[PDB]
Structure formats: C-alpha cells, structure tokens
There are 2 protein chains.
Amino acid sequence: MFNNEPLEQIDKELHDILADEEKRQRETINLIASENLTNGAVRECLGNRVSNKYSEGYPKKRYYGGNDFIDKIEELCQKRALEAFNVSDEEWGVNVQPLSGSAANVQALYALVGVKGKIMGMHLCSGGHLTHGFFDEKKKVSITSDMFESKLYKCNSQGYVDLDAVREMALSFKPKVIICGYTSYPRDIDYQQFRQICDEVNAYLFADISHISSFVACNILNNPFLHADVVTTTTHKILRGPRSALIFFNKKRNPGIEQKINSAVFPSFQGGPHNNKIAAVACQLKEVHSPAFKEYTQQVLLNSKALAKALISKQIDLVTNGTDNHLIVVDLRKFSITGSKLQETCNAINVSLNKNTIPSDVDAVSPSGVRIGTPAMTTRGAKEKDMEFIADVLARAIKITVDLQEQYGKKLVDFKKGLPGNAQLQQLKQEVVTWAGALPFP
Amino acid sequence: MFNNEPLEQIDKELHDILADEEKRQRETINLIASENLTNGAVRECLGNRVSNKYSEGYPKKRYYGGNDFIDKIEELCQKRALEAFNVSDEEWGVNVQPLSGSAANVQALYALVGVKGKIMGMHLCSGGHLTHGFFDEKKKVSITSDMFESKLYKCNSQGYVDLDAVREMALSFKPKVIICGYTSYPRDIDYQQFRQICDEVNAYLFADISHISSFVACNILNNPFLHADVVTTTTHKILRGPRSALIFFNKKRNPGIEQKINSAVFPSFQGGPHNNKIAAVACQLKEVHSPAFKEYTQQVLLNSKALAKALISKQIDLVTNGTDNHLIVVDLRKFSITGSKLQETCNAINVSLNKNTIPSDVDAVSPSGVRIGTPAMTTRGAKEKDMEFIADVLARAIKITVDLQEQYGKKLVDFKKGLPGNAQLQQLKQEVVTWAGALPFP
Ligand SMILES: Cc1[nH]nc2c1[C@](c1cc(-c3ccc(S(=O)(=O)N(C)CC(F)(F)F)cc3)cc(C(F)(F)F)c1)(C(C)C)C(C#N)=C(N)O2
Ligand SMILES: Cc1[nH]nc2c1[C@](c1cc(-c3ccc(S(=O)(=O)N(C)CC(F)(F)F)cc3)cc(C(F)(F)F)c1)(C(C)C)C(C#N)=C(N)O2
Ligand SMILES: Cc1ncc(COP(=O)(O)O)c(CNCC(=O)O)c1O
Ligand SMILES: Cc1ncc(COP(=O)(O)O)c(CNCC(=O)O)c1O
Ligand SMILES: [Cl-]
C-alpha cells in the first residue's frame with residue numbers, strides 16, 4: 001500500500017528544481033571552502049533502506065534487536081575513522097553518531113564541562129565557529145555561549161592566533177576546555193603550544209579540524225591527535241563525505257571519557273542514529289585511506305598555493321599574505337568594496353564564494369573580505385595552471401564591483417540594481433559557464 | 001579527480017552488508033511502532049546532489065548566495081507542511097531544519113524557556129520521550145532535564161494520563177512549558193484539558209505528536225493545532241518520511257515566537273541545514289495530502305484495532321485494554337516473562353518489536369511489556385485479516401518464551417542459551433519468513 005512511481009513521475013514539481021540545482025552546481029565555479037561534491041557511492045548509501053531502522057544505543061548495547069547488520073556498519077565506520085586518522089583503537093575512541101558539526105561540538109563540550117561549564121574559543125570575526133562559544137553583546141548567539149560560560153580570544157593585527165593573549169585569558173579565566181581549529185583560518189595551528197597552555201591551567205585541549213581534516217589524515221599538516229584530548233571533524237568538507245560529524249577522544253590521556261562522550265551523544269542529546277549517514281561515512285572513510293586521496297589532498301594545497309600566488313601577482317592582498325592549507329581570505333580594503341558586494345558580483349557570474357571578516361573589521365556588519373577554497377574545484381579536476389583563470393575571473397569580478405559601486409553608490413540596495421544586464425558580467429558568467437560546465441562532475 | 005565506480009565495485013565489503021540489511025527488512029515482521037518503509041522517491045531525494053550545498057540561514061536571508069533553487073525547496077517544504085496539517089500559513093509557521101526529533105524538542109524548549117527554564121513532561125516509564133525532561137535519581141539522563149529544570153508526571157494505575165496529577169504538579173511547580181504527546185501511549189490526548197491547565201499557570205502548551213502525526217493530519221484523532229503553542233513531529237515514523245523533524249509554532253497566539261524558534265534552530269544549535277532531508281520531506285509531504293494516504297492512515301488504525309482484538313481473543317492483556325491509534329502495549333505479567341526475554345524470542349523468529357514499561361514497573365531496568373505498532377506492516381499491504389496471523393505468531397512466541405524460561409531459568413543469560421536451535425522457533429521463523437518475504441516492499 002505505497003506509491004513506488006519514480007521521483008520524476010510522483011513529484012515532477014520537485015524534480016525540476018533538483019535538476020536545476022544539478023545544472024547550477026555543474027555550471028558554477030565553487031570556491032566555498034566548506035563545500036565539496038560527493039561521489040555516487042556516498043549518495044547510494046544516503047539513499048539506502050538502512051535509514052528505516054531504529055538503532056538507539058551503541059553496537060552490541062542496542063535498545064532494540066534486529067540490529068546485527070547495523071552493528072556491523074557502525075563498527076566498520078568507527079574502525080575506518082581511527083585507521084584513516086592514524087590512531088590506534090587502543091589509545092583513541094570515536095563516536096560516529098553526531099548528525100552534524102554543530103551537534104558534535106555541543107555534545108563534546110557538554111561531556112567535558114557540563115552545564116554552566118567554562119570554555120575558551122576563537123572569536124567568530126577572527127576565524128572561529130559559532131559553536132566555539134560565539135556571542136555578541138546583543139545576544140548569546142550560540143548555545144555554546146549560553147549553556148556554557150564562554151570567553152573569546154582574537155587573532156592579532158597580522159591575522160595570526162596570538163598565543164600570548166590566549167595564555168593571558170586562559171590563566172585569568174581558568175577554563176575547563178580550550179578550543180582550537182577554525183572555520184576561516186588560512187594557516188596551520190601550533191597544537192603543542194595549545195597543549196602546553198591547557199596543562200598550565202588544567203584545561204582540556206579541544207581541536208575542531210573540520211576544515212583541515214584531510215590534511216591531518218594525510219600528514220600534510222600538524223597532527224592534533226598527538227596533543228588533543230578531543231578532536232571533532234565534520235565529514236562533508238575537505239573529507240568529501242556526507243553531512244555528518246565525528247568525535248574523537250583520547251582514552252589514554254583520560255580514562256572514563258569514552259562513556260562521558262558516548263552518553264552525551266546518546267541519550268543526553270540525540271535519539272535514533274541516522275544509519276544512512278553512518279553507512280555513507282564508511283564508504284568515504286575507505287576512500288580517505290587509499291593513496292589516491294592523499295594525491296587529491298595534495299592537489300588541494302598545490303591549487304591553494306597557486307591560487308594565492310596568482311592573486312598576489314594581480315596585486316590582491318590576502319590575510320597573512322598566503323595559505324598553508326586549502327583556503328585563502330582576500331583583504332578587499334584597497335578597493336573600498338565590501339565582501340557583501342563582491343559576493344553579489346560573483347553570484348551573478350556563477351562563482352560561489354562567501355564574504356568573510358578580516359582582523360581590521362571590528363564588527364561583522366560589513367566584512368572587508370571574501371573566503372575561498374580549492375577542495376571543490378580540485379574534485380572537478382582542476383590543476384595549478386587552472387588557478388590563473390580563477391584568479392583572472394576573481395580580479396575581473398573585483399574590478400567590476402568597483403565600477404558598479406562608483407556608478408550606483410556604496411549602499412548595497414543601490415549597488416545590486418547595477419548587476420542585472422551588465423554586459424561584462426554576462427560576458428564573464430558565460431566564460432565561467434563554458435569552462436565549468438565541461439569539467440568532470442561526480 | 002574522483003572515483004565514480006558504483007558502490008558495489010568501490011566498496012564491496014559495505015554493499016554486502018547493506019544487501020543483507022535489505023533481505024532481513026524484506027523477511028521480517030516489523031512491529032516497531034516508530035518504524036516504516038520509505039518509498040523510492042523519498043530515497044532519491046536523500047541521495048541527491050542537493051546535500052552538497054551550504055545554505056546556513058533561512059530562505060531569502062541566506063548567508064551565502066547561489067541558494068535560489070535551495071530556497072524554492074525549503075519554501076515548498078514549509079508550504080506542504082502547513083497544508084498537510086490543515087493550518088493557514090498566516091496563523092501557523094514551521095521550521096523544516098531540525099535534523100531529528102530529539103534536536104527539534106531541545107531547540108523548541110530552549111526558544112520558549114531558555115537555560116535554567118522550567119518544563120513538565122510525561123515520565124519515560126509511563127510513555128514520555130527522553131527529550132521530555134527525562135531523568136533518573138542516578139543522573140540527568142536527557143539534556144532536557146539538565147539545561148532545563150524538569151518535573152515528570154505519571155500515568156495512573158490503569159495506564160491513562162492523570163490530569164488531576166498534572167494540575168497538582170503544574171500549580172505547585174509553575175512551569176513555563178508542559179509537554180504532551182508521547183512515545184508509547186496507546187490512547188488519544190485531551191489537548192483541551194492541557195490547554196486549560198497551561199493557561200491557569202501561564203505555561204506554554206507543547207504537543208509532541210511524532211508517533212501520531214498522520215492521525216492528526218488526516219482528522220482521525222484530536223487536533224492539537226487548535227490548542228497548542230508548539231507542535232513538534234518527526235517525519236520518519238507513521239508519516240513515512242525521512243529521518244528529520246518539524247517544529248510548528250502558533251504566531252497568532254504568541255507573536256515574536258517565529259524568530260525565537262527560527263533563531264534557536266539556527267544559529268543557537270545547528271549550522272548548515274541538510275537539504276537532501278528537506279527535499280526528501282517535501283516529497284513525502286506531497287503524499288501526505290493525497291487521499292490515498294488518508295486511506296493508508298485509516299488502514300493503520302483498522303489493523304491496530306484488529307490486532308488488539310485478536311490478541312485479546314487469545315487471552316493476552318493490553319495496557320488500557322485497547323488502542324485508539326497505531327500502537328499496542330502488551331502486559332506480559334500473567335505469563336511471568338519480561339519484555340526483555342520476548343524481544344529476544346521475537347528476534348529469533350524475525351519479528352521486530354521492543355520491550356516497554358507498564359504502569360506497574362516502578363523502575364525501567366526490566367520492563368513487563370512489549371510495544372507493537374502497525375504502520376510498517378500496513379505499508380507492506382497487510383489488511384485486517386492478516387492480523388490474526390501476527391496475533392498467532394506473537395502468542396506462539398509468548399508460549400515458547402514461557403517454555404524456555406521454565407527450562408533454562410529466569411536469568412536472561414541462561415534464557416538466551418535455549419534460543420539457538422530450538423525446533424519451534426526454526427519452524428516459526430520459516431513461517432514468518434515465507435509470509436514476510438512475499439509482501440510488497442518499497
Ligand atoms: C555562517 C558561519 N558559520 N560559522 C562561521 C560563519 C562565518 C560568518 C558568520 C556570521 C554570523 C554573524 C552573526 C550571526 S548572529 O549573531 O546570529 N545574527 C544573525 C546577527 C544579529 F544578532 F542578528 F545581528 C550569525 C552568523 C557572519 C559572517 C559575516 F557575514 F559577517 F561575514 C560570517 C562565515 C564562514 C559565513 C564566519 C565568519 N567570518 C565564521 N568564522 O564561522
Ligand atoms: C529508547 C527510547 N527512546 N525514547 C523512548 C524509549 C523507550 C525506552 C527507553 C529506555 C531507557 C531507559 C534508561 C536510559 S538511561 O537512563 O539513559 N540509561 C541507559 C540507564 C543508566 F542510568 F544509564 F544506567 C535510556 C533509555 C528503556 C526502555 C526499557 F528498556 F525500559 F523498556 C524503553 C522505548 C521506546 C524503547 C521508552 C519506553 N518505555 C520510551 N517511553 O521512550
Ligand atoms: C570549525 C567548524 N565547525 C563546525 C561547523 C558546522 O558544522 P555543521 O554545518 O555540519 O553544523 C563549521 C562550518 N561553518 C560554515 C562554513 O565554514 O562554511 C566549521 O567551520
Ligand atoms: C515522541 C517522540 N519524540 C521525539 C523522538 C526523537 O526522535 P529522533 O529519534 O528522531 O531523535 C522520539 C523517538 N522515540 C523512539 C521510538 O519510539 O521508537 C519520540 O517517540
Ligand atoms: Cl541524511
């Protein structure tokens with residue numbers, strides 16, 4: 001007693017838009033540092049009947065039975081995770097249940113410190129996530145600043161983490177957790193110095209490596225597993241997995257943390273796990289460990305380097321004047337155009353990037369930069385040579401954003417009126433579309 | 001630079017287990033009240049490339065651009081949500097972002113009362129969910145009992161909500177929220193009397209209708225929308241959608257609750273929505289409004305009645321001696337066997353049910369019942385006539401559970417040793433398999 005008519009026939013209305021979405025994704029130059037393109041295999045798992053099953057609990061300690069095959073999938077996924085990130089399953093445990101990055105960071109923070117507990121994180125404006133305790137004066141914006149008591153450290157004038165100020169704050173604040181690893185930070189992290197500071201105060205070291213996860217796995221960047229008590233990552237960014245999250249915990253450094261973390265995820269916060277997610281993660285976490293993926297991850301940095309270099313060659317300023325990872329943040333102050341305006345301009349030419357604060361931006365009302373990243377375009381087959389053109393297209397978009405601001409003014413209402421119909425944007429959009437449309441597309 | 005090889009080739013290890021899962025599902029009599037079988041159209045959406053996109057925020061207020069097609073899907077999903085549940089988009093709003101039931105209830109509860117706020121819910125032993133403030137003496141088991149201050153009301157000796165006690169407690173405790181709608185409650189709810197009590201103390205009326213959502217939608221049970229401020233529902237149970245959740249809020253009764261709820265979901269708790277979930281939900285909420293689904297939902301109740309009746313005819317006891325909805329809870333006390341033991345026995349014969357508490361169970365260590373439900377088997381096409389056999393199979397399972405308990409003893413360790421190889425279980429498993437294996441299977 002069900003309708004099994006294919007998606008096109010059952011609901012033509014929805015299918016049209018999803019087929020439109022498919023076209024835009026195919027015809028866009030996607031520089032969103034947090035985005036990627038899933039392979040078919042991952043998407044077969046996301047569409048499997050394994051999501052019919054309720055399996056509240058952990059494997060072999062399930063609430064319901066009939067969970068033998070589900071138990072195998074969850075166990076295989078935790079194994080591949082610990083393998084992929086080069087940790088022994090004796091020293092490191094992992095929870096594969098978090099439905100996303102924000103849930104994992106709240107779950108993990110709760111486990112360690114509990115309600116009212118004290119936490120330190122990088123400020124949002126300076127590169128930190130919302131779930132690192134972000135708040136405004138106006139409101140406790142993230143639950144992490146409300147259910148916990150939170151303090152926020154900044155990056156210095158030159159766009160680097162200021163370890164001295166981290167210690168200034170950590171000795172006076174005496175936090176129970178210090179979070180490092182960030183959403184829009186273009187350089188590597190001194191996890192050792194963070195570990196040093198946490199010991200001095202007795203705090204936990206929490207490393208959120210969602211953006212740089214493949215660099216850590218592939219031993220291309222600093223390994224936080226040597227120093228951190230807790231490591232969280234999403235699975236959908238540079239890892240190229242589905243929308244989910246992983247919580248790692250150092251058993252050896254803190255016995256009893258396994259239960260604290262596992263009990264925080266279920267039953268403190270979540271209910272039934274989403275098994276299709278867990279299964280999809282399994283399928284990617286195989287791929288992570290194959291040397292072809294190290295090849296990929298290397299290409300991500302090589303492209304990121306060549307993209308930073310070409311932008312500099314065209315006299316565009318970058319925060320910290322370069323990158324150690326997959327992402328760049330452009331400082332647009334010399335052109336007197338906001339990231340607000342350049343995002344609209346890049347939208348009009350099928351270039352996905354996002355506006356981003358820079359250290360000089362005191363408040364997040366009108367950020368002076370844009371963030372870009374290479375994971376997505378690398379996945380579609382683009383090499384170092386191809387970055388000059390992306391650099392070219394971005395330069396041309398910046399120049400046209402100056403033109404349109406001179407013509408229509410500094411207000412964003414007025415600015416946007418200039419975009420529809422502008423001959424150069426149409427010209428440029430079409431170049432973008434011709435080159436992007438033809439690239440390998442999983 | 002990606003591997004486009006099909007799931008079977010890329011990862012044969014995983015595909016085998018998923019193919020196994022598909023066989024067990026096909027060969028099981030699934031009486032899990034909370035489970036169902038997704039149609040292929042829902043699973044095509046769950047496996048779409050629409051999950052590649054980061055769209056933090058709400059429609060037309062997205063942080064990043066390139067979200068025009070994602071905006072249509074989210075808008076379309078909210079429309080069908082409001083349509084399906086018979087509410088005008090002027091009086092009622094709805095958030096479609098929650099990743100699951102447990103997240104939606106925590107998000108909604110925060111919005112209304114905040115950290116340290118007071119909440120009332122049905123006890124877990126009596127039929128409440130964990131996210132209704134569940135705690136034990138030993139620990140604050142759910143975050144809802146920890147980040148909020150919670151008080152827990154029980155059902156009476158006869159397995160009914162005791163409204164006098166709800167008021168006794170609501171006037172003394174003076175909560176800001178009172179939650180109704182439950183996980184294993186076999187009767188309809190007096191939402192009106194709940195509305196009366198909440199007004200009296202000035203509390204919000206929270207209705208969690210995840211288990212009975214289709215009954216509400218189709219006007220077969222009491223409509224909580226006439227009285228409630230907040231209605232939450234999962235989408236994966238009797239609704240037959242993907243794993244997600246919906247938060248409904250009464251704008252008319254409390255203006256400024258739209259933002260309160262929307263801002264609790266993002267950015268208080270979540271980050272990027274999962275668009276494949278949203279698209280999947282859209283595809284099911286089409287189907288919810290079609291009169292064929294009203295036919296389905298009616299069959300769920302018809303089956304549930306006939307199943308309650310047949311179990312009674314075989315001298316099996318039910319909590320409240322019947323059902324108004326999709327689920328029955330069996331009181332196994334007259335046979336001196338636990339739900340614990342009967343679950344294992346039903347597993348051995350490919351019958352999925354779960355152990356459940358009954359009013360007489362003071363503690364939830366060893367429940368004296370099992371919960372069953374008809375949504376999943378009705379989806380596979382089973383009619384009233386077919387419930388006699390399910391009733392037959394269950395009686396036979398109860399009888400064998402007595403036999404094996406006498407032979408091996410009352411300890412669950414000892415009991416289980418009898419199950420492998422038991423001739424009657426094998427005979428009965430094969431009957432189960434022959435009948436289940438052949439039933440229509442989406
Ligand atoms: C959306 C999001 N999630 N996590 C992030 C962000 C980033 C971000 C968050 C925000 C952000 C700022 C404020 C809020 S808010 O406080 O909840 N709220 C909407 C503002 C208020 F209060 F209404 F006025 C929510 C998100 C803003 C920006 C920018 F637009 F100003 F640039 C950027 C980007 C990756 C998009 C960010 C930065 N910069 C960092 N570090 O991390
Ligand atoms: C798994 C689950 N989620 N939501 C539920 C349940 C149910 C449930 C939860 C539980 C349950 C009981 C206690 C915990 S607990 O407090 O976190 N924990 C594991 C025990 C402790 F304290 F840690 F040792 C967690 C889950 C137990 C049962 C039963 F085994 F007693 F029967 C049943 C069933 C649907 C499975 C339930 C009931 N009865 C109700 N009302 O709602
Ligand atoms: C360090 C970090 N942690 C958590 C998240 C959030 O994960 P979910 O979206 O899965 O909740 C983000 C992405 N934030 C936005 C971006 O960088 O694009 C992040 O950068
Ligand atoms: C009333 C109610 N609310 C919320 C949830 C949470 O749903 P998620 O699993 O999507 O978090 C459940 C799950 N109850 C489990 C069961 O009855 O089988 C529930 O019964
Ligand atoms: Cl999903």
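Preceding this section is the structure that the text describes.
A brief structural summary. (Residues numbered from 1 in each chain as written, not as in the entry; some residues may be left out. Chains lettered and ligands numbered in written order. Heavy atoms only, no water.)

1. Concerning the overall build of chain A
The test is simple: Only DSSP runs of H or I reaching four residues or more are called helices, and only runs of E reaching two or more are called strands; each is numbered from the N terminus. Only C-alpha atoms enter the radius of gyration; for comparison, a globular chain is expected to reach 2.2 Å times N to the power 0.38, where N is the number of residues. Two residues qualify as a contact provided that any one of their heavy atoms is within 4.5 Å of a heavy atom in the partner residue. Where accessible areas are quoted, they stem from the Shrake-Rupley method and a 1.4 Å probe; at the residue level, only the protein chains shown are allowed to cover. Positive charges come from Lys and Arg, negative ones from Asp and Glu, while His and the chain ends are left out of the count. Throughout, a charge is located at the NZ atom of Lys, the CZ atom of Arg, the CG atom of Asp or the CD atom of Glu.
A count of helical and extended segments in chain A gives 17 helices and 15 strands. Over its C-alpha atoms chain A spans a radius of gyration of 22 Å, differing by no more than 12% from the 22 Å that the globule rule assigns to 442 residues. Taken along its principal axes, the extent of the C-alpha atoms in chain A is 65 × 65 × 40 Å. Of the contacts made within chain A by residues no fewer than 6 positions apart, 72% connect residues no fewer than 24 positions apart. As displayed, chain A has an accessible area near 15,800 Å², and 49% of this comes from carbon and sulfur atoms. With 53 positive and 50 negative side-chain charges, chain A shows a spacing of 1 Å between the two charge centroids.

2. Thoughts on the site of ligand 1
Our working definition: Here a residue is considered near a molecule or strand provided that any single heavy atom belonging to it is located within 4 Å of it. The term polar contact refers here to a pair of N or O atoms within 3.5 Å; inside protein, the definition further demands a hydrogen-donor-capable atom paired with an acceptor-capable atom, and it admits residues adjacent in sequence only when both atoms are side-chain atoms. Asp, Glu, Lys and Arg are counted as charged, while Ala, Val, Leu, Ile, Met, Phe, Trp, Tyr, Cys and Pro are counted as nonpolar; the rest, among them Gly, fall into the polar class.
With respect to spatial proximity, 20 residues lie near ligand 1, and among them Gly-128, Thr-183, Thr-357 and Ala-364 of chain A together with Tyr-63 of chain B are the closest. Each of chains A and B places residues next to ligand 1. Separating a nitrogen atom of ligand 1 from a side-chain N or O atom of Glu-56 of chain B is a distance of 3.3 Å. When the free accessible area of ligand 1 is taken as 780 Å², the share hidden by the protein chains comes to 78%. In terms of residue count, strand β14 (residues 354-356) of chain A provides more of the shell around ligand 1 than any other element does, three residues in total. Across the shell around ligand 1, the residue classes tally to nine nonpolar, eight polar and three charged.

3. Some thoughts on the environment of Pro-359 of chain A
All names here are of chain A. Of note, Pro-359 is situated in the loop between β14 and β15 (369-373). Put simply, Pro-359 and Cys-125 are 234 residues apart on the chain and 7.3 Å apart in space, counted from C-alpha to C-alpha. Apart from the residues within four sequence positions on either side, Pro-359 is in contact with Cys-155, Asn-156, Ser-157, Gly-159 and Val-319.

4. Digging into the pattern of salt bridges
For clarity, the threshold we go by: The salt bridge criterion pairs a side-chain nitrogen of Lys or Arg with a carboxyl oxygen of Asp or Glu, the two atoms within 4 Å. The classification of residues rests on relative accessible area computed with a 1.4 Å probe and restricted to protein chains. Under 20% of the type maximum is buried, over 50% is exposed, and intermediate values are partly exposed.
In the structure shown here, the tally under the stated rule is 48 salt bridges over all chains. With a shortest N-O distance of 3.2 Å, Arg-49 of chain A and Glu-22 of chain B are connected by a salt bridge. With one member in each of two chains, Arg-49 of chain A in the loop between α3 (40-46) and β2 (57-58) and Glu-22 of chain B in helix α2 (residues 12-26) form a pair that bridges those chains. Judged by relative accessible area, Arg-49 of chain A falls into the buried class, the value being 18%. Between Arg-240 of chain B and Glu-287 of chain B there is a salt bridge, and its shortest N-O distance comes to 2.8 Å. Of this pair, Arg-240 of chain B sits in the loop between β9 (230-234) and β10 (245-250) while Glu-287 of chain B sits in helix α10 (residues 275-289), placing them 47 residues apart in sequence. Under the relative-accessibility criterion, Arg-240 of chain B is labelled buried at 2%. Here the residues in one salt-bridge network are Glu-8, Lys-12 and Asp-16 of chain A, joined through shared partners.

5. Things to note about the interface of chain A and chain B
Quick note on the threshold: Using a 1.4 Å probe, buried area is obtained as the accessible area two parts lose upon being combined, added over both of them.
Counting from both sides, the interface comprises 101 residues of chain A and, opposite them, 100 residues of chain B. Buried surface at the junction of chain A and chain B, summed over both partners, amounts to about 8,900 Å²; 55% is from carbon and sulfur atoms. Looking only at chain A, the three residues that lose the most surface to chain B are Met-1, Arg-49 and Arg-243 of chain A, adding up to 10% of its buried area. At the boundary of chain A and chain B, one finds eight salt bridges. Remark: the boundary between chain A and chain B carries 50 residue pairs in polar contact. Looking at which element gives the most residues to the side of chain A that touches chain B, the answer is helix α2 (residues 12-26) of chain A, with nine residues. In terms of residue class, the side of chain A that touches chain B is built from 39 nonpolar, 33 polar and 29 charged.

6. Considerations on the site of ligand 2
Looking at ligand 2, there are 20 residues lining it, with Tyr-63 of chain A together with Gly-128, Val-141, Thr-183 and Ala-364 of chain B nearest. Neighbouring residues of ligand 2 are distributed over chains A and B. Residue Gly-128 of chain B places a main-chain N or O atom 2.8 Å away from a nitrogen atom belonging to ligand 2. The contact in question runs from a nitrogen atom of ligand 2 to an N or O atom on the side chain of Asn-356 of chain B, over 3.4 Å. Here ligand 2 has 780 Å² of accessible area as a free molecule, and 78% of this is covered by the chains. Considering every element that reaches the shell around ligand 2, the biggest residue donor is strand β14 (residues 354-356) of chain B, with three residues.

7. Looking at the sheet that holds strand β12 (residues 327-331) of chain B
All names here are of chain B. Rule in force here: Here the rule is simple: two strands pair whenever DSSP picks up at least two bridges between them.
The strand order β11-β12-β15-β14 describes an open sheet built from four strands, whose pairing is antiparallel. This sheet does not close on itself; its edge strands, each paired only once, are β11 (317-318) and β14. Pairing of β14 with strand β15 (residues 369-373), which is carried by three bridges, proceeds in the antiparallel orientation. Note that in β15 the partner of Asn-354 across the bridge is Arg-371.

8. A short note on the packing of helix α12 (residues 291-313) of chain A against helix α15 (residues 386-408) of chain A
Residues and elements named next belong to chain A. What counts, and what does not: A fitted line through C-alpha atoms represents every axis, and for helices the fit uses only the stretch in contact; the resulting angles, taken between N-to-C directions, go from 0 to 180 degrees. For classification purposes, angles smaller than 35 degrees are called roughly parallel, those larger than 145 roughly antiparallel, those between 65 and 115 roughly perpendicular, and all remaining angles oblique. The sense of a crossing depends on the near helix, which, turned anticlockwise from the far helix by less than a right angle, makes the crossing left-handed and, turned clockwise, makes it right-handed.
For the pair α12 and α15, interaxial distance at closest approach is 9 Å and the crossing angle is 45°. Considered as vectors, α12 and α15 are oriented oblique to each other. Crossing angle aside, the handedness with which α12 passes α15 is right-handed. Together, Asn-303, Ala-306, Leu-307, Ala-310 and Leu-311 of α12 and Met-387, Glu-388, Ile-390, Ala-391 and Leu-394 of α15 make up the contact between the two elements. Across the contact of α12 with α15, the residue classes tally to eight nonpolar, one polar and one charged.

9. Points about unusual backbone geometry
Note that the residue after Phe-266 of chain A, namely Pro-267 of chain A, is joined by a cis bond; omega there is 10°. Mapped onto the elements, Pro-267 of chain A comes out in helix α10 (residues 257-269). With a phi close to 55°, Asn-86 of chain A is a non-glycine residue in the positive phi region. Here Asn-86 of chain A is to be found in the loop between α4 (68-84) and β4 (92-95). Positive phi, normally seen in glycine, also occurs at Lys-116 of chain B, with a value near 70°. Look at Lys-116 of chain B and you get exposed, because its relative accessible area is 59%.

10. A closer look at α4 of chain A
Note the cut-off: By this rule, a helix spans an expected 1.5 Å times one less than how many residues it contains.
The end-to-end C-alpha separation of α4 of chain A is 24 Å, in line with the 24 Å expected for 17 residues at 1.5 Å each. What α4 of chain A keeps buried is the set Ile-70, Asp-71, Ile-73, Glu-74, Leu-76, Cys-77, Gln-78, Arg-80, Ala-81, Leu-82 and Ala-84 of chain A.

11. Regarding the relation of the copies chain A and chain B
We apply this condition: Only the C-alpha atoms enter the least-squares fit used to superpose the copies.
Least-squares fitting of chain A to chain B yields an RMSD of 0.1 Å, with the superposition described by an axial translation of 0.0 Å and a rotation of 180°. Within this description, the copies of the chain are treated as partners about a two-fold rotation axis. The C-alpha atom lying nearest the rotation axis in chain A is that of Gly-47 of chain A; the distance is 2.2 Å. Both copies share a contact surface, since 99% of the interface residues of chain A are interface residues in chain B too.

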